[PDB]
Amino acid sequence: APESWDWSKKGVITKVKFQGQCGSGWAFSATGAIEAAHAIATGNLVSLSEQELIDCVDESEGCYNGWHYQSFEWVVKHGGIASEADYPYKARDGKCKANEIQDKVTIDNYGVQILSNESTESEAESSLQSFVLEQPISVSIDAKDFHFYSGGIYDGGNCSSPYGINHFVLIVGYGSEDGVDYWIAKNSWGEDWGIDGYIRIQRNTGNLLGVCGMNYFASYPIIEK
């Protein structure tokens, strides 16, 4: 395995998007992962629709909150996801128009990993790095400090147990700086936020659940080449 890896430099990651005043991080983390997995498997990178997920994933709650795995499940069940162009983002709840969509990007399946008190940090870090090398993954996280972030490696700051799940980000890679390891995470708050729209999250901090609970629930779309 590489000492560092960044899918955002491999031509499989779309530009950083802006979710606005809508708690749809779950949807952006999901489209971001599908966009990457699709590009990695087919060689074609195309921006996908967060709005379709917001309006159609009945198990989630649109702009209030939702889930990455429920989005992937919905995509498998409905033959694919619409493009950003064909199903524009409205930043608010809307009527599901999936039946009116012609072109769709499909996924073969999806994976999920929910940590239990039986796992160790080493195993958590190992499995996650393993998934990331195959394709970007979505993770739930407590983004309480995100509006304070401007750059550098975020170490968890004000996060503490219990970690709330109020946001999702896309882990596209990892690296290390001066002996400090970190994940490269794509956010959906515009390119002006953080490091060109991304945030470096410290890893191997010692807590099984990771920084702000990011190790807790990973989920990703699966697509064969």
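Residues carry their position along the shown sequence, with the first being 1.
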Practice item. Look over 175 to 183 and 37 to 45 in the entry and identify the one with the greater average Cα temperature factor. Key: 175 to 183
Study note, to complete from the structure: Quick note on 96 to 104 and 80 to 88: per-entry mean CA temperature factor is higher in 96 to 104
Exercise for review: Among the candidates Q51, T31, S188, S161, give the one with the maximum CA B-factor reported in the record.
Suggested key: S161
Practice item. Among all modelled residues of this chain, ranked by Cα B factor, put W74 in the bottom, middle or top third, i.e. lowest, middle or highest. Key: lowest
Study note, to complete from the structure: Of the three thirds of the chain ranked by Cα temperature factor, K9 occupies the highest
Practice item. Name the third of the chain's ranked CA B-factors that contains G23, choosing lowest, middle or highest. Key: middle
**Study point:** For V169, the third of its chain into which the C-alpha B factor falls
**Key:** lowest
Practice item. Using the B-factor values recorded in the entry, state whether the Cα atom of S140 falls in the lowest, middle or highest third among the modelled residues of its chain. Key: lowest
